[PDB]
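> Task: produce atomic coordinates for the following.
(chains A and B, ligands or ions: 1)
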Amino acid sequence: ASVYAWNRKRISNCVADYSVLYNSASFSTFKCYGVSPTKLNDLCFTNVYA
Amino acid sequence: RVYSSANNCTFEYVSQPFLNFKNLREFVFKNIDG
Ligand SMILES: *[C@@H]1O[C@H](CO)[C@@H](O)[C@H](O)[C@H]1NC(C)=O
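Numbering: from 1, shown residues only, chains lettered A, B, ... in the order given. Okay, here it is:
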């Protein structure tokens, strides 16, 4: 989507594997604010907004 | 014909079907801790 009309997808009722994203070399920026990437694969959240 | 609109969904779950009078179906529904 365009930045003015950015798409929001609500991710729920599944298991989120964050190590797949973190270990990819295809991303230039993977900056996490407020949480660390190492403990993302352990913690649990109500919903994920993409 | 049971509804006219569906705006904001938070949860969807599709499962296997649960189902003289021949059948007796007992159900208990509880709302505990969400
Ligand atoms: C719920 O739906 C209305 C319109 O259908 C929308 O304006 C509102 O932002 C929605 N709220 C949430 C939390 O999705």
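> check contacts around the closest residue to chain A within chain B.
Residue nearest to chain A within chain B (C-beta to the nearest C-beta): residue B:11, separated by 6.2 Å. No exception for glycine: its C-beta is placed from N, CA and C like everyone else's. When contacts are counted by C-beta atoms under 8 Å, 6 or more residues apart in numbering or on different chains, residue B:11 is found next to A:12-13.
> so where does it fall, helix or strand?
Using DSSP states H and E, residue B:11 sits in no helix or strand.
> Checking residue A:38 next. Helix, strand or coil?
Per DSSP: H, G, I helix; E, B strand; the rest coil, the secondary structure class of residue A:38 is helix.
> From residue A:22, how far out is it?
Distance, residue A:38 to residue A:22, using C-beta to C-beta, to the nearest Å: 8 Å.
> Please say which of those two ends up with more neighbours.
Under the criterion of other C-beta atoms under 10 Å in any protein chain shown, the comparison of residue A:38 against residue A:22 puts residue A:22 first, with 14 against 11.
> now that one, nearest residue through space, not along the chain?
residue A:37 (4.9 Å; C-beta to C-beta, 6 or more residues apart in numbering or on different chains).
> just residue B:13 next, same as before
residue A:13 (7.1 Å).
> Contact partners for the one you found?
Residue A:13 sits next to B:11-13 when contact means C-beta under 8 Å, 6+ apart.
> Residue numbers of chain B in contact with chain A?
Selection of chain B residues close to chain A by C-beta under 8 Å from any C-beta of the partner chain yields B:10-13.
> Of these - the most surrounded one?
Comparing these by number of neighbours (other C-beta under 10 Å), residue B:10 comes first, having 9 neighbours.
> For the residue nearest to it when sequence neighbours are not counted, grab the count of nearby residues.
Excluding the flanking residues, the one nearest residue B:10 by C-beta to C-beta, 6+ apart is residue A:12, at 6.9 Å. Residues lying near residue A:12 (other C-beta under 10 Å) number 12.
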